[PDB]
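Structure assessment
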Amino acid sequence: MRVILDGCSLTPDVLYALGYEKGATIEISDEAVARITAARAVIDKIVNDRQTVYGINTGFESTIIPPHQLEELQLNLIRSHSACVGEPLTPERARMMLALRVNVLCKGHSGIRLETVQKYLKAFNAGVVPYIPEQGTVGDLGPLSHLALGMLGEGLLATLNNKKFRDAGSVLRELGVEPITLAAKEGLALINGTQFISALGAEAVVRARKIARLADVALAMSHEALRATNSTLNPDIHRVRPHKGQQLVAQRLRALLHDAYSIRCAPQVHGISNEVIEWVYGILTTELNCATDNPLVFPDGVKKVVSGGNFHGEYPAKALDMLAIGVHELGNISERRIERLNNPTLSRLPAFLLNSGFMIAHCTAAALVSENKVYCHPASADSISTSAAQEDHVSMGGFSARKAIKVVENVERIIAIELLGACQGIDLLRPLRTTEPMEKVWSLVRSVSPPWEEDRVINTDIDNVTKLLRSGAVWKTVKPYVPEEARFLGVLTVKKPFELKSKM
Amino acid sequence: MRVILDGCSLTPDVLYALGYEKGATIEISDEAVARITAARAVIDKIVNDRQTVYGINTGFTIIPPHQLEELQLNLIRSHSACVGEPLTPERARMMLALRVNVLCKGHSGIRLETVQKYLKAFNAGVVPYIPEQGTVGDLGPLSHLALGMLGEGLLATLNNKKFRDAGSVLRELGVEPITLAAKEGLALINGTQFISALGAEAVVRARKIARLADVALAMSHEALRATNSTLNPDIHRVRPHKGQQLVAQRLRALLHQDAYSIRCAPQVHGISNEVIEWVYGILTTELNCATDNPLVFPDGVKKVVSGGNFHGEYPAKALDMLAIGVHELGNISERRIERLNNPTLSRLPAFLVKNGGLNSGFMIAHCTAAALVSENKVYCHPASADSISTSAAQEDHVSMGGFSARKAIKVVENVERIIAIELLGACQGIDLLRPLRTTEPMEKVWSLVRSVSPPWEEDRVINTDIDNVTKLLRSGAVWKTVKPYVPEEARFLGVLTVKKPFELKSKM
Amino acid sequence: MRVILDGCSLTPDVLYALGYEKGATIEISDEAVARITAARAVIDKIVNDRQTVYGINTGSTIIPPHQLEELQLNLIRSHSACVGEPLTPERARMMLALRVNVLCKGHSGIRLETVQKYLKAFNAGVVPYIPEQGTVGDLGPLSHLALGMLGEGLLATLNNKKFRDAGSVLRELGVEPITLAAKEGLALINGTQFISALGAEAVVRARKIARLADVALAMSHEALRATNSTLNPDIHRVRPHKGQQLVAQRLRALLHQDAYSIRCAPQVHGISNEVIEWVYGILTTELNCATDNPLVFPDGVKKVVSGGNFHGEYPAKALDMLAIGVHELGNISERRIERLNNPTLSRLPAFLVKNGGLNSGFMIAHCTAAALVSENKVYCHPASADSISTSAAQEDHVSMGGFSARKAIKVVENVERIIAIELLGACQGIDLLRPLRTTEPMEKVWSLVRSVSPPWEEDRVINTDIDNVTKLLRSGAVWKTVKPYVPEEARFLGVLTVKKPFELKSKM
Amino acid sequence: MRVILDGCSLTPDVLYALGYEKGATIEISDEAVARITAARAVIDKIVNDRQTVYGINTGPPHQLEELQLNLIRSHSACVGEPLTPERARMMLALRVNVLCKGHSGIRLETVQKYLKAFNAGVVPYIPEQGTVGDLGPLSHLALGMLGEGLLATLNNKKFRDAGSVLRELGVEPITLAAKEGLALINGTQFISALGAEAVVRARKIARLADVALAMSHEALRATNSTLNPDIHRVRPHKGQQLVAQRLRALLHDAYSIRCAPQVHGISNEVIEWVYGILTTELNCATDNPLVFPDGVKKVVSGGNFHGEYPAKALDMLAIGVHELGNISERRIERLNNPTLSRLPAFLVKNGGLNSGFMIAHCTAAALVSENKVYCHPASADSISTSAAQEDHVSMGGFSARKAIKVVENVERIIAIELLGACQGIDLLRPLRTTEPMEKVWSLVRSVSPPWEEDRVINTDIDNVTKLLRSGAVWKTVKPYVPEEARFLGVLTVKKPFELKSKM
């Protein structure tokens, strides 16, 4: 897989693939190359003409810095801003941030040199693993500086073939990549932006979209195991409560299948979760293709170098706080259906499906839902300002992105527990059969987890079914039975950006 | 203003007007009347043919006629279980009008005469007694509404808002109490109208304060003597979120390196605007939804269908997110208030008062703003994230959106005061900069503020000024002043027209 | 009816009584009078000798006599910056009395005459106008208090609670308005008395509902016909938390495997009790603290000292934790309510009603309880965890405990209703079990409940019963009924006497 | 480092040492042995006499054994990352201590095997998510002792086959008789062991917070006026007075400095209170049903397994510890602010080319901000998982974990303040501070050189954090501080509360 970046076409799903698919590689388009060199020409003219421009050849102090002191300034910037702490990002997430960094630079408004972008490109393709401590950003100078630090051959680096973090200098020699060198503005160009929040957010919303579909598969199985009626899927019901999500979820369920609230009101609950995920997906897709640099370089603009606030991460921060809340509800209602499966008076099945069955598995699901409620608190609602700097308002979206991933990770396990329990319900109902797509899912689950005869170590089954869900095999199985519109695919193509009806 | 309801055309702004504008009246369309009687014909046939249908003439087996009526009354009474302070007259009447609108869709099976009575009571000026706590998302609130319509419990009127005997109040409006036939009990109390009516007020107030936030910001921008550099349309063209671009255009209209609270304002106000716009869309759909159960479809394959449209997760979730979005407007505004009071940051006299030896100026007003932001952070916790299964039976998941709606209103109420404090402080900044002038629209806003709050010479009781400027903002006079200077698209008006509902491409 | 304040002996329960009991009056002790005049002598010397001391006659520069009086007035007026609904008369007057108590410690430098006028205003029945929002933790609220004492802004009286001109109200009461000398402005508005007065009500109500929670539980225990096995003192001897042991003993006194909401009740109520007891101790100290600045020490090495005793983090933190502790009482109670309504869990008629084919019983009452628990979870978020600083001042860290105090009261108010719903439901259970009888104290409670709420024969408006039983609980009649059956130590009375303050072992 | 457990004497600090100090070993007292065998005699008598008692021989001798195994296996339902070796072994030791009270009905042989496994260096595999408050975690512990699932060792921490690890360690797997299954997995030991680490770390960072504050106080050249004992005598909270005395010991006007005793104080008191709750909890009989050989009823069903007590305490610990970081971050802000510090902006001379500690403050602010989310009480929620019995749970598993996270975050914040304040001292040379603070400064300078030109600052932050956690900083100032202000009272177990009345 070789992806061509141009700063306009990147989707969260492609970025996720860039981080997680073996053999992923990036290149930049010819039009991106043209934009980058055009922007750099502006910078080179300002520096050569010894013209004073804040952010270009000024200090920290609107006076002109001498050339040699200007190179040293870039290095001091990268080093002093490498202030992050805690556990480093996983190799996949660190490399997602790297690729996203390159994509944003492709818009050609940072003033970066082409050769610096190439060294970033070459490092990615060679399999570099940046060392990015996950805590520090207030929304992403820190994370992006740690990225640039490794590209300077300083600090720590790893590789895909050897993920033990070691001397960055030796790793670059290992990969045959010459370290970057920094000219004017290159220091800021590399570390200004929302790429830590947005890369992590990209993974979150991708995983969220996929678990939203899978939640309906688990629900369908529970529906069958509990022997519920199809009455609540009547399209007349959802025609008169015509939210997009609710209608789409009901159609998805009808494809798979053609009571209690956790089943009967599922379209009315999954629906809004789906719409939140779809909305967040749109916000993030725009953000992955934004020029978050400062100051901005516009070679064809009335002003060639402009100071703005595009580095502020409130947009993806807010979106990720809401993603967590939306995804959380999928697990919340799922846990209740798990409760019905284990309850003998509710299921008309053997209790918990001298044996305890899936009793404690429901417990695990409830614990995950409970901790998700804490993670539902909006991190971006807080701002802590540095008084005598310029930064008097920040997004605090670093934690928004991380806890969004955690909530989805938790909900994935919850859905796995429901699906696992519901499949056992199907066993208990034999020789009864369910629908063709659901029988295929059941067989798929049974290929990694045998039916529950005697008690056994159940965390193994939970983890196996979770692996199964994350593999994509479950959705791939039911996919051809579902109408195209109900497959959650519309967000996979980049829409044209909003345009003012007046350019005033 | 006489509004004709038809269950398809109601917007949050019209509903807000129905509750808050003097002389508001409702009627229902001819097509709504037709739908209502058509649905009732289904119910009447079922009852007369003595056919067993769950939710129509069953029980808690077919219940005989003389007791089917008693069942309706028992339902209304036993479900009137709400506690706490009653809704304000305006909000109670908003819930009443919204109730009527939903019934106009013609899927509840309600009788026409009952709707007519709900209709007549509203127009006569009835004030329902609706305790604000109880719903898990809205049997309770809607039952209290129906209870008063039965002439039981408490009622008030617009002319006399002291809650008294409901029977005498109906006798005061010359209104005859409702009577309940089969299904009418459920038809009146099934739905999300408590959450959605309160939510309607919230999102309307939110939309208006979002616009006003940019006016306060513009004034602060002028008082702080900031550059227009960050409003360069090239900046927002390459970070092209709809909200960010629209906010920047709105600011360019009012004002035709700085701190982040000013420079990153389009990047912060923008997402707030988009959240508000999104919530507005969710709620507009919800105001025109058939949230009844069981549903009656006279032209359907099944005439009576059990579903889950009463579940309030949709408006509950939207209102939790509205609170978070609106909160940020106050959050960044408070920081700009901080800059205005800070002599190092403002290049103005400290706390916007000259002769600051004996005076404190707007020092403690900033304090009040900070306290409001701080408490908004607690209200930012999503209430709909919780569910307490009220039965090991069938009601095993609920939205808990009652508190989502109420705290959404509280956050917007708080943010309105914050924006008022910023605008008040920024206008004093303008005074301190005289004989300098600002733009034509901002000079008009300044004059408008000065007509309710004089400049700050010596110290005086400042909570009076804060409240006055807050009243000014809520009056609509401030936006009305700058409105003609702003491009139509940047006026936050697109949400005022009801879009056609989403339609499935496939027939599966 | 007459409490003598001395700045050392005030308990939350006495302060609550001062605000809520009819005919309450305050006086100050002789030792307090002596301390006040001694401290004022220090101030008068400083001013007379024209000596420069920050906070007494500075700005910063030594302020001349004429301007020094004007400075006090400007201070009070400009700091009256609070917004929102005013405190209830009882809470406003609690803040007033607490203000006087703190001044009795004699470290504020206040004049005696000023204290006397506050004192006379309280006894005459003044109702201060104190907007509940604004403090960051309490210049605003305390300034609004002083503003009314100046005869400015709004005031009310106990005989006429309509807020009107403060000047006319003081004339009505026969109280001459205060006048302000040096330091008197700061002396009146420095302190944590808004947070602490509201907190005093909260922890008092919390302590009383903690006891009542065990009474409701005991009734539920009987209605559900549970075993006494889990009350075995051996169980709690080996899990010997003070609260758990005390709760179990209280339950044994009223009742002289099972579900967790009953069986683990000592293990859950226990920690709630201990949190309440801990908070009570924190607040009792705080009610008797010198929160002034700068502090005046007539017998100290330094007579006038600048410190940070005005910072409200201590009561703010305590009230955030009170909310969490009280919340759990309602949380576990709601689960017992669920068991009462559940036919498979209770072995009683579903929703505690016979002939439930037309009746719903207490079904929706459980719903109301669940909604209250759910909203309490939002209020459980610690408000004091946030701080918003004013960058260029000296106030770079604040407690934000104003909202901590208010939401603490809200949580307890909610939990009171929950306990009422449980008790109401459990008493119906007792009816359903007749001719069976329960214990002597529980039969008395049942009779007491039946005197305000008849048994549930047919369905009726249930919010009336809920409110009546809530009124009953708050009246104190329920606890008074079982009180003589409970061992003294299990009556939650230890906190009612002021303990000697902690003393350092070392002189360092 | 051989600790003798008896179910009555364990403190959070000793338990922490048991998990983190090399060569730690446990034994049980003779009285504990006596109690265990006495309780087991009750259980043996019941099964021998074929008497029906719920929780002993309920739901034949043959299958009663199978029931125990099914119990352990089916309840091993936890997910996520496993506990660190130190925390897993803390849970193991705490498990043994609770069994020493002699009310579980466990066999002595089983305890000795747990005992032996610990001393041999076993590392249990305990997934950190699942408990609703701790059947899951305790079952995973027992699963490994059965030689099933995964295990590791201190010498080889790669999780592998539990059977082979026990062979490696020379430990024969446990066997389960009647009641032994429940005896091993009933309790609050996952919450309490994690909570023990949290409150220990909290107590130590509370002391260190005053050291950082003292240095900031010196770097900012503040007055000692706010430490006047008369101030705190008239606002006589225990914590506030103790903190002020601690500061006076180290030092013999902005709110973040002036109101520090009034803010650190309540944090200290919360930590001290939580410490007391947890100390009791470490020595509680959380079994069910309970066995009382000398009781009126020998086997009693109760609710001592309910973890609300430690859950609530840990939710409050997080809130209390959080505030230390909150006010510290504000002092960090003052250090970097040239208008507030009267020092070079961001503590760097020649700031035209250098940024100094600017972004380090940024890191501190981010940590405070995320701590605000963790301040939400996890124990405030309950999800009834049983339509009947288990209808209220504590949800204290996450309370314990996020408590550790908050303290971990605050440790870094304090490190950043101390690091910045020491640079302030450098900028003020040839000025000197007090003798104990000069020693702390020298100690910091031994792991982090002064800031001349810009360099990679996350290295310095991590080094100073390591320094704080090492105990060397407190050990340095310890002899200058009055005994009462050293936060040591909680280190000795107080006698348990006793009812006055016999009712």
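Residues numbered from 1 in each chain as written, not as in the entry; some residues may be left out. Chains lettered and ligands numbered in written order. Heavy atoms only, no water. Residues with missing side-chain atoms left out of burial classes, pairs and counts.

The next subject is the overall build of chain A. From N to C terminus, chain A includes 20 helices and nine strands. For chain A, whose C-alpha radius of gyration is 25 Å, the value lies close to the compact-globule estimate of 23 Å for 504 residues. When the backbone C-alpha atoms are referred to their principal axes, chain A occupies close to 85 × 55 × 45 Å. (Helix = DSSP H or I, 4+ residues; strand = E, 2+ residues; numbered from the N terminus. Rg over C-alpha atoms; globule rule 2.2 N^0.38 Å.)

Looking now at the packing of helix 9 (residues 195-225) of chain A against helix 11 (residues 244-257) of chain A. All names here are of chain A. Contact geometry of helix 9 with helix 11 gives a least axis separation of 10 Å together with a crossing angle of 50 degrees. In terms of orientation, helix 9 lies oblique with respect to helix 11. Taken as a pair, helix 9 and helix 11 cross one another with a handedness that is right-handed. Residue-level inspection shows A212, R213, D216, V217, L219, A220, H223 and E224 of helix 9 in contact with helix 11, the latter providing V249, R252, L253, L256 and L257. For the contact of helix 9 with helix 11, the per-class residue count stands at eight nonpolar, one polar and four charged. (Axes fitted to C-alpha atoms, helices over the stretch in contact; angles between N-to-C directions. Parallel < 35°, antiparallel > 145°, perpendicular 65-115°, else oblique. Left-handed = near helix turned anticlockwise from the far one by under 90°. Contact = heavy atoms within 4.5 Å. Nonpolar A, V, L, I, M, F, W, Y, C, P; charged D, E, K, R; others polar.)

Next up on the list: the domain arrangement of chain D. Residues and elements named next belong to chain D. Along its sequence, chain D is organised into domain 1 (2-186) and domain 2 (193-381 + 391-491). Each of domain 1 and domain 2 has a C-alpha centre, and these two points are 34 Å apart. Contact with domain 1, which involves 42 residues of that partner, is made by 37 residues of domain 2. When contributions to the side of domain 1 that touches domain 2 are tallied by element, the ones reaching two or more residues are helix 1 (12-20), helix 2 (30-48), helix 4 (85-99), strand 5 (127-129) and helix 8 (180-185). Counting residues per element, the side of domain 1 that touches domain 2 draws most heavily on helix 4, which supplies eight residues. Among the residues forming the side of domain 1 that touches domain 2, the class breakdown is 23 nonpolar, 13 polar and six charged. (Domains from an automatic or database assignment.)

On to the interface of chain A and chain B. Put simply, an interface is often sized by how much accessible area is lost when its parts join up. Every contact between the two is made by 90 residues of chain A and, on the other side, 92 residues of chain B. Looking at the side of chain A that touches chain B, the elements that each hand over two or more residues are helix 10 (235-239), helix 11, helix 12 (261-264), helix 13 (266-288) and helix 14 (314-342) of chain A. Of the residues forming the side of chain A that touches chain B, the biggest block, 13 residues, is contributed by helix 14 of chain A. Classifying every residue of the side of chain A that touches chain B by side-chain character gives 33 nonpolar, 33 polar and 24 charged.

To continue, consider helix 11 (residues 242-254) of chain C. A turn of α-helix holds 3.6 residues, and therefore any two residues three or four places apart point the same way. Taking 1.5 Å of rise per residue, the 13 residues of helix 11 of chain C would be expected to cover 18 Å, and the 19 Å separating its terminal C-alpha atoms lies within 8% of that figure. Among the 13 residues in helix 11 of chain C, 12 count as buried, and that is most of the element. When we look at burial in helix 11 of chain C, the residues that qualify are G243(C), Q244(C), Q245(C), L246(C), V247(C), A248(C), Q249(C), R250(C), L251(C), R252(C), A253(C) and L254(C). In this structure, the buried side of helix 11 of chain C is in contact with helix 9 (193-223), helix 10 (233-237), helix 13 (265-287), helix 18 (440-450) and helix 20 (477-482) of chain C together with helix 14 (308-336) of chain D. (Expected span 1.5 Å × (residues − 1). Buried < 20%, exposed > 50% of the residue type's maximum accessible area, 1.4 Å probe, protein only.)

Residues and elements named next belong to chain A. The three strands lie next to each other as 4-6-7, forming an open sheet whose pairing is antiparallel. A strand with exactly one partner marks an edge of an open sheet, and here the two such strands are strand 4 (128-130) and strand 7 (166-167). Summarising the sheet, strand 6 (residues 156-159) and strand 7 pair through two bridges and their orientation is antiparallel. Across the sheet, the residue bridging to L157 is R166, located in strand 7. Packing of helix 7 (residues 168-175) onto the sheet brings it into contact with strand 4, strand 6 and strand 7, and relative to strand 6 it is tilted by some 35 degrees. (Pairing = 2+ DSSP bridges.)

Across the contact, 68 residues belong to chain C and 68 residues belong to chain B. Elements supplying a minimum of two residues to the side of chain C that touches chain B: helix 3 (65-78), strand 3 (83-86), helix 6 (139-149), helix 14 (313-341), helix 16 (363-379), helix 17 (402-433) and helix 19 (462-475) of chain C. Of the residues forming the side of chain C that touches chain B, the biggest block, 15 residues, is contributed by helix 16 of chain C.

Residues and elements named next belong to chain C. On the basis of which strands lie adjacent, the open sheet formed by three strands has the order 4-6-7 and antiparallel pairing. Each having just a single partner strand, strand 4 (126-128) and strand 7 (164-165) make up the two edges of the open sheet. Pairing geometry for strand 4 and strand 6 (residues 154-157), over three bridges, is antiparallel. Bridged to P128 within strand 6 is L155.

All names here are of chain A. As far as domains go, chain A holds domain 1 (2-192) and domain 2 (206-492). Here the C-alpha centroids of domain 1 and domain 2 sit 34 Å apart. Elements with a minimum of two residues in the side of domain 1 that touches domain 2: helix 1 (12-20), helix 2 (30-48), helix 4 (91-105), strand 5 (133-135) and helix 8 (186-191). Broken down by element, the residue count for the side of domain 1 that touches domain 2 peaks at six residues, all from helix 4. Looking at the side of domain 1 that touches domain 2 residue by residue, the class counts come to 19 nonpolar, 13 polar and six charged.

Turning next to the pattern of salt bridges. Counted according to the given criterion, the structure contains 120 salt bridges over all chains. Of the charged contacts in the structure, one is a salt bridge between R79(A) and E154(A), with a shortest N-O distance of 2.6 Å. Residue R79(A) is classed as partly exposed on the basis of its relative accessible area of 21%. The partner of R432(D) in a salt bridge is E438(D), and the shortest N-O contact between them spans 3.7 Å. By relative accessible area, which is 64% here, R432(D) ends up exposed. Via salt bridges that share partners, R93(A), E203(A), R207(A), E412(A) and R470(A) belong to a single interconnected network. (Salt bridge = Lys/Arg side-chain N within 4 Å of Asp/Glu carboxyl O.)

Before going further, it helps to spend a moment on the pairing of strand 6 of chain A. Relative to strand 6 of chain A, strand 4 of chain A runs antiparallel, the two sharing three bridges. Each bridged residue has a counterpart across the sheet, and for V128(A) the counterpart in strand 6 of chain A is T159(A).

Considering all chains together, one arrives at 22 aromatic pairs over all chains under this definition. Consider the rings of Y16(A) and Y20(A), whose centres lie 4.4 Å apart with planes at 20 degrees: the pair is stacked. With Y16(A) and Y20(A) both in helix 1 and four residues apart, this pair spans about one turn of that helix. The class for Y16(A) is buried, based on a relative accessible area of 17%. Their ring planes at 55 degrees and their centres at 5.0 Å tell us that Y261(A) and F310(B) sit as a pair that is tilted. With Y261(A) in helix 12 and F310(B) in the loop between strand 9 (304-305) and helix 14 (313-341), this residue pair bridges two chains. (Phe/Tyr/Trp six-rings, centres within 6.5 Å; stacked < 30°, edge-to-face > 60°.)

The next subject is helix 9 of chain C. All names here are of chain C. Over its 31 residues, helix 9 runs 44 Å from end to end, which matches the ideal 45 Å to within 8%, given 1.5 Å per residue. In terms of burial, helix 9 is a largely internal element, 29 of the 31 residues being buried. One or two steps after helix 9, the chain reaches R225, where phi turns positive at roughly 55 degrees.

Attention now goes to the environment of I418(B). Among the secondary structure elements, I418(B) is positioned in helix 17 (residues 402-433). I418(B) has contacts with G330(B), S333(B), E334(B), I337(B), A369(B), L372(B), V373(B) and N376(B), leaving out every residue within four places of it along the chain.

Residue placement: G134(C) occurs in the loop between strand 5 (131-133) and helix 6. The sequence separation of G134(C) and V83(C) amounts to 51 residues, and the corresponding C-alpha distance is 6.2 Å. The contact partners of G134(C), leaving out residues within four places of it in the chain, are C367(B), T368(B), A371(B) and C82(C).

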